[PDB]
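One structure is given here, and the rest of the page talks about it.
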Amino acid sequence: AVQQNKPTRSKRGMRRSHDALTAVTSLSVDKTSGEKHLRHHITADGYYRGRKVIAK
Amino acid sequence: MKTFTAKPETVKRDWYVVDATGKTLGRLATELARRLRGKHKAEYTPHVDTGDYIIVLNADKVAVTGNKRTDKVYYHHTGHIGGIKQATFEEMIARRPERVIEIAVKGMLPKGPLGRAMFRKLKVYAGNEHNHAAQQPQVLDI
Amino acid sequence: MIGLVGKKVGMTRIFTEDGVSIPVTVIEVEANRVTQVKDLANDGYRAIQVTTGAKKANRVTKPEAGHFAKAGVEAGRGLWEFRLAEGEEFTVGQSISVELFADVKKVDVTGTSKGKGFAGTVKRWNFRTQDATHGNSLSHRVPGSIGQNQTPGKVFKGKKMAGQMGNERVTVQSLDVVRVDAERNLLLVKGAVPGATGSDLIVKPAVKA
RNA sequence: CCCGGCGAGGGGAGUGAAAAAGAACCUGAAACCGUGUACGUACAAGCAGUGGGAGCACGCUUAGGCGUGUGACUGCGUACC
RNA sequence: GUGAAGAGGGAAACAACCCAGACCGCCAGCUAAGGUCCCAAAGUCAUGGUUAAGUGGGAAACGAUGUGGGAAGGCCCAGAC
RNA sequence: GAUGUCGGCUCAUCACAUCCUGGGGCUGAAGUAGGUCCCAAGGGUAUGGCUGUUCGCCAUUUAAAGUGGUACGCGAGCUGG
RNA sequence: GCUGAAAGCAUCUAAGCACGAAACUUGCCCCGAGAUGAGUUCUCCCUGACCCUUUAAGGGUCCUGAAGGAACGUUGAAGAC
Ligand SMILES: C=CC[C@@H]1/C=C/C(=O)NC/C=C/C(C)=C/[C@@H](O)C[C@@H](F)Cc2nc(co2)C(=O)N2CCC[C@@H]2C(=O)O[C@@H]1[C@H](C)COC(=O)Nc1cc2ccccc2cn1
Numbered sequence: 012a013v014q015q016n017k018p019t020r021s022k023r024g025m026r027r028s029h030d031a032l033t034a035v036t037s038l039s040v041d042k043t044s045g046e047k048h049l050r051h052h053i054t055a056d057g058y059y060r061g062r063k064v065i066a067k
Numbered sequence: 026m027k028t029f030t031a032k033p034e035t036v037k038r039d040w041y042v043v044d045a046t047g048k049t050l051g052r053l054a055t056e057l058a059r060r061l062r063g064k065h066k067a068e069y070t071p072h073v074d075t076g077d078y079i080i081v082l083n084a085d086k087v088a089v090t091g092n093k094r095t096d097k098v099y100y101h102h103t104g105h106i107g108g109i110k111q112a113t114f115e116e117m118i119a120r121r122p123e124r125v126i127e128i129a130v131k132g133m134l135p136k137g138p139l140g141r142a143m144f145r146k147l148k149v150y151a152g153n154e155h156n157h158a159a160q161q162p163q164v165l166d167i
Numbered sequence: 072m073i074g075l076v077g078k079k080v081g082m083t084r085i086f087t088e089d090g091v092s093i094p095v096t097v098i099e100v101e102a103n104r105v106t107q108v109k110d111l112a113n114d115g116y117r118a119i120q121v122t123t124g125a126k127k128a129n130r131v132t133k134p135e136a137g138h139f140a141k142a143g144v145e146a147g148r149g150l151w152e153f154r155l156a157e158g159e160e161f162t163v164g165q166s167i168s169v170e171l172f173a174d175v176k177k178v179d180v181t182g183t184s185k186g187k188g189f190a191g192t193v194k195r196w197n198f199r200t201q202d203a204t205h206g207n208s209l210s211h212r213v214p215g216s217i218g219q220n221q222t223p224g225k226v227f228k229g230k231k232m233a234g235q236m237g238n239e240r241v242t243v244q245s246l247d248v249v250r251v252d253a254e255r256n257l258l259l260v261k262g263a264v265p266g267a268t269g270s271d272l273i274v275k276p277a278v279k280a
């Protein structure tokens with residue numbers, strides 16, 4: 012239920028060896044606006060695959 | 026001055042070949058472990074592998090005195106509760122005759138990383154042919 | 072002898088004139104093409120590598136394509152190996168039909184069982200359920216004891232616990248052969264076989280006999 | 001003056017002997033948490049050190065075969081009150 | 001007598017048993033108990049015997065043409081067993 | 001300056017001085033069915049009535065309803081008669 | 001049990017030989033080369049130009065970026081993630 016000995020800095024860091032994050036490998040670029048966006052997502056301005064999808 | 030110590034980067038390791046036919050198991054493994062460790066070299070160092078590579082041929086023809094050919098038992102456990110298995114000297118010779126020499130030598134070598142490396146210099150074969158002629162192994166009548 | 076690779080189409084019933092209904096598992100066994108033949112001089116054992124079905128040319132990797140091209144046969148959805156019983160002889164490009172099971176009378180079917188996921192001891196090991204009432208506190212389907220006291224002081228290996236159940240290789244032995252329709256590449260065997268509809272099956276003649 | 005939400009918090013400029021004295025302010029120790037560099041570490045079992053000891057790195061050196069850090073492998077070794 | 005209040009070596013490990021009483025240092029030598037095929041420092045030493053049971057390396061009354069040695073005796077080429 | 005007990009439930013694991021199945025010798029073993037001893041631990045080895053019970057008596061089954069060790073196995077798994 | 005001496009016989013045993021059980025090793029099913037002893041087979045891909053230097057399994061620049069993989073997305077009789 013509870014520990015008999017105090018774990019160490021080492022074991023704490025070992026457990027956190029799998030806690031690191033992953034950065035996006037690359038950002039996609041739109042044909043028309045040339046903006047940078049997530050793949051399969053729309054841009055901040057509202058474009059997607061150069062078709063002027065929702066902007067309002 | 027300080028006593029000499031061998032360097033694993035400058036140590037000379039020779040290659041030898043041995044025929045196990047008719048040889049007594051224990052009295053043979055003793056000389057192997059002696060050479061695999063380097064006790065026969067004046068440059069012997071306990072924390073260094075100064076031994077030599079040794080090839081053993083015809084491991085399926087070693088001899089044992091008394092009724093050990095049928096009464097000697099090789100026990101081993103698998104980790105499960107049943108676990109305990111056993112095989113006689115005859116059964117091992119028919120299934121895997123090389124393990125007889127390896128097991129006898131493994132017990133005569135030191136326990137630990139170093140002794141585990143010495144065992145790697147031992148090449149045991151069941152027949153009279155080996156594929157290490159490139160190393161030009163010298164005959165050893167031991 | 073050797074076996075064949077097929078696909079599980081489903082189950083149905085075959086009515087006989089004697090008023091009997093035979094539950095059958097329909098197995099589609101298309102032409103099995105030999106891609107490689109192994110011997111002792113090169114591989115150390117006798118066997119044959121086969122394939123079946125089809126695959127998208129734009130999805131077949133170059134290594135796989137070169138393996139099929141060396142044999143001179145189209146690509147398939149996988150590769151499987153069969154051993155030879157000291158008297159069989161095959162050649163690359165040779166197509167094996169379901170007619171090979173015409174006079175066997177019994178077969179062993181191997182497949183990949185359905186996946187149940189993380190299963191409990193009641194379902195996975197047929198553990199007996201505790202009391203649903205009479206004071207039971209949060210221990211209705213739990214396993215109970217898993218060992219003993221200060222003696223060994225550990226749980227023995229192989230202890231039956233909860234965990235993954237299914238999605239593993241399973242073989243059913245000695246299934247009766249009901250029909251062999253080479254015109255339609257069908258093999259009807261009496262009974263159920265592992266896996267879901269559309270899964271791969273390895274069909275070998277019965278070894279028990 | 002600048003970034004920032006006419007923010008918080010910072011970077012400059014300026015004051016001062018000193019801003020690493022900037023108001024969470026003299027001095028600023030330890031536990032504890034971090035960045036960087038060197039070495040070691042993914043076939044090896046236990047009070048974690050000690051004795052021996054290769055290699056690597058670095059500083060010497062009027063090459064002087066010394067010093068510092070690391071410590072593969074190895075003998076012995078079950079904390080304190 | 002030892003431990004307690006005593007380390008070291010040996011008995012695999014083992015306060016009380018065996019050897020032996022640590023002022024400090026040495027990469028010198030001789031010994032004790034105990035040991036000298038390998039783990040593991042030192043005789044695969046020498047000589048003459050015993051054991052075949054891994055006895056050695058767990059045990060009794062009792063049982064048995066196991067085997068070695070010794071002191072006698074009985075019946076026998078008037079032919080024994 | 002806390003090692004929580006009977007029995008039940010759940011889950012078990014080992015031993016063999018073996019309950020069943022398997023292999024044998026003797027028999028005051030005709031056969032059937034038994035008695036006794038030797039080998040053998042691979043697997044298997046009841047449900048219910050009464051009682052908190054273990055045990056036990058009873059009813060009815062079974063090829064058999066084995067003997068024991070495991071903190072008289074198992075309450076950081078349940079129950080609390 | 002056969003043959004058979006020690007022991008002129010006898011004797012399953014000492015040499016030698018043949019039968020013999022759900023135990024043992026295999027045969028059946030599953031995992032399985034982290035089997036660091038890291039295995040085998042088939043197939044596929046890459047065929048630049050220089051510089052620095054304690055000059056070596058060395059470092060660095062430009063050009064090049066394959067096989068294939070991962071990522072993202074639509075998803076699954078696969079799945080806690
Ligand atoms: C309520 C009230 C009951 C009362 C006291 C309770 C309490 O203090 N709980 C605190 C728990 C302390 C624990 C669990 C301490 C552990 O770290 C060690 C433990 F397990 C070790 C352990 N415990 C136990 C045994 O071994 C044992 O018996 N108990 C343990 C449970 C209660 C019971 C217990 O003591 O019951 C008490 C009863 C009055 C006894 O009745 C008797 O007739 N006793 C008895 C019989 C004797 C016959 C012959 C000679 C002499 C005898 C003398 N005494």
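Residue numbers (this note's numbering), protein chains in the order written: chain R, 12 to 67; chain W, 26 to 167; chain S, 72 to 280. No residue lacks a Cβ here, since even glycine has one placed at the ideal position from N, Cα and C.
| request: Rounded to whole angstroms, what's the CA-CA distance from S28 of chain R to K22 of chain R? Just pull it up for me. | output: Taking the first sequence and counting its residues from 1, the one referred to as residue 28 of chain R is at position 17. Taking the first sequence and counting its residues from 1, the one referred to as residue 22 of chain R is at position 11. Between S28 of chain R and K22 of chain R, the C-alpha separation is close to 10 Å.
| query | Taking just the CA atoms, how far does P18 of chain R sit from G61 of chain R? | reply | Your numbering for residue 61 of chain R matches position 50 in the first sequence. Your numbering for residue 18 of chain R matches position 7 in the first sequence. Between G61 of chain R and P18 of chain R, the C-alpha separation is close to 55 Å.
| message | Runs of 4 residues minimum, wholly inside the stretch 103-131 of chain W: which ones carry the alpha helix (DSSP H) assignment? | response | 114-120
| Sequence-distant residues of its chain with Cβ nearer than 8 Å to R121 of chain W (five each side left out) | Along the second sequence, one-based indexing puts residue 121 of chain W at 96. Closer than 8 Å at the Cβ level, and outside the excluded window around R121 of chain W, lies no residue.
| Quick one: is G234 of chain S near chain W, going by C-beta distance under 8 Å? | Working through the third sequence from its first residue, we reach residue 234 of chain S at position 163. It does not; no Cβ of chain W falls within 8 Å.
| message | Against chain W, which members of the stretch 206-233 of chain S pass a CB distance test of less than 7 Å? | response | Flagged, chain order: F227, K228 and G229.
| request: Would you grab the beta carbon distance between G124 of chain S and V274 of chain S for me? Rounded to a whole angstrom, and I think it's under 8 Å. | output: Translated into positions along the third sequence, residue 124 of chain S becomes position 53. Translated into positions along the third sequence, residue 274 of chain S becomes position 203. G124 of chain S to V274 of chain S, Cβ: 15 Å. No contact.
| field | Whole-Å CB distance - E152 of chain S paired with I119 of chain S, under 8 Å assumed | value | The residue you call residue 152 of chain S lines up with position 81 of the third sequence. The residue you call residue 119 of chain S lines up with position 48 of the third sequence. Indeed, because the Cβ distance is near 7 Å, the residues count as touching under 8 Å.
| said: Tell me the rounded alpha-carbon separation between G77 of chain S and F227 of chain S. | reply: Here residue 77 of chain S refers to the residue found at position 6 when the third sequence is read from its first residue. Here residue 227 of chain S refers to the residue found at position 156 when the third sequence is read from its first residue. Near 40 Å, if we compare the C-alpha coordinates of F227 of chain S and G77 of chain S.
| query | What residues from chain S crowd round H102 of chain W, counting only those whose CB sits closer than 9 Å? | reply | In the second sequence, counting from the first residue as 1, residue 102 of chain W sits at position 77. Simply none; closest approach about 11 Å.
| field | Beta carbon of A146 of chain S nearer than 8 Å to that of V131 of chain S | value | Mapped onto the third sequence, residue 146 of chain S falls at position 75. Mapped onto the third sequence, residue 131 of chain S falls at position 60. Yes, these two residues count as a Cβ contact at 8 Å.
| task | Return no unless some Cβ of chain S is closer than 8 Å to the Cβ of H105 of chain W. | result | As a working note, residue 105 of chain W is residue 80 in the second sequence. Chain S contact via Cβ: present.
| 6 Å Cβ shell around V121 of chain S - same chain, five flanking residues per side excluded | Your numbering for residue 121 of chain S matches position 50 in the third sequence. Cβ within range, chain order: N103, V105 and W151.
| request: Go to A280 of chain S, then tell me how far its alpha helix (DSSP H) extends in each direction, as first and last residue. | output: The count along the third sequence starts at 1 and reaches residue 280 of chain S at position 209. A280 of chain S -> no alpha helix (DSSP H), and no H or E assigned at all.
| alpha helix (DSSP H) segment containing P138 of chain W, residue limits | Within the second sequence, numbered from 1, the residue matching residue 138 of chain W stands at position 113. Run containing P138 of chain W: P138 to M143, per the alpha helix (DSSP H) assignment.
| request: For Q120 of chain S, write down the residues that DSSP places opposite it in a beta bridge. | output: Here residue 120 of chain S refers to the residue found at position 49 of the third sequence. Note: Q120 of chain S sits in a beta bridge opposite S:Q107 and S:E152.
| said: Please report the straight-line C-alpha distance between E239 of chain S and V180 of chain S, rounded to a whole angstrom. | reply: As a position in the third sequence, residue 239 of chain S is number 168, starting the count at 1. As a position in the third sequence, residue 180 of chain S is number 109, starting the count at 1. Those two C-alpha atoms are separated by around 14 Å.
| task | Following the continuous beta strand (DSSP E) through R240 of chain S, name the residue where it begins and the one where it ends. | result | Indexing the third sequence from 1 puts residue 240 of chain S at position 169. Unbroken beta strand (DSSP E) run through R240 of chain S: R240 to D252.
| query | Who are the Cβ neighbours of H101 of chain W in its own chain at under 7 Å, not counting the five residues just before and after it? | reply | Here residue 101 of chain W is taken as the residue at index 76 of the second sequence, counted from 1. Excluding sequence neighbours, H101 of chain W sits near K110.
| request: With a 10 Å radius around its C-beta and 16 neighbouring C-beta atoms as the bar for buried, classify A58 of chain W as buried or exposed. | output: As a first step, residue 58 of chain W must be located in the second sequence, where it is residue number 33. Its Cβ being crowded by 16 or more others within 10 Å, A58 of chain W is buried.
| How should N83 of chain W be labelled, buried or exposed, when 16 other C-beta atoms within 10 angstroms of its C-beta is the threshold for buried? | Looking up residue 83 of chain W in the second sequence gives position 58. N83 of chain W should be labelled buried.
| task | Return the CA-CA distance between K141 of chain S and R255 of chain S, expressed in angstroms with no decimal places. | result | As a position in the third sequence, residue 141 of chain S is number 70, starting the count at 1. As a position in the third sequence, residue 255 of chain S is number 184, starting the count at 1. C-alpha separation (whole angstroms): 29 Å.
| Would you call the stretch 123-134 of chain W and the stretch 47-64 of chain W touching, i.e. three or more CB-CB distances under 8 Å? | yes
| query | For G237 of chain S, which residues does DSSP report across the bridge? | reply | To locate residue 237 of chain S, count along the third sequence from 1; it is residue 166. Answer is S:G186, bridged to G237 of chain S.
| query | What are the boundary residues of the alpha helix (DSSP H) that includes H101 of chain W? | reply | Here residue 101 of chain W refers to the residue found at position 76 of the second sequence. Element bounds for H101 of chain W: not the alpha helix (DSSP H) but the beta strand (DSSP E), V98 to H101.
| message | Using the three-state DSSP reduction, which class does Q163 of chain W fall into: helix, strand or coil? | response | Here residue 163 of chain W corresponds to residue number 138 of the second sequence, with the count starting at 1. Looking at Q163 of chain W - three-state DSSP - the assignment turns out to be strand.
| request: Round the Cβ separation of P214 of chain S and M232 of chain S to the nearest angstrom and send it over; I've been treating them as touching at under 8 Å. | output: Position 143 of the third sequence holds residue 214 of chain S. Position 161 of the third sequence holds residue 232 of chain S. Yes, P214 of chain S and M232 of chain S are in contact; Cβ-Cβ is about 7 Å, under 8 Å.
| field | Proximity to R60 of chain W [Cα-Cα], best of W:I118, W:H157, W:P135 and W:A112 | value | Along the second sequence, one-based indexing puts residue 60 of chain W at 35. Ranking the options by Cα distance to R60 of chain W, first place goes to W:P135.
| Okay, do the stretch 147-165 of chain W and the stretch 72-83 of chain W touch, 3+ Cβ pairs below 8 Å being the bar? | yes
| How do the stretch 165-173 of chain S and the stretch 188-197 of chain S stand: do at least 3 beta-carbon pairs fall below 8 Å, yes or no? | no
| request: Tell me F86 of chain S's beta-bridge partners as DSSP assigns them. | output: In the third sequence, counting from the first residue as 1, residue 86 of chain S sits at position 15. DSSP output for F86 of chain S lists S:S92 as bridge partner(s).
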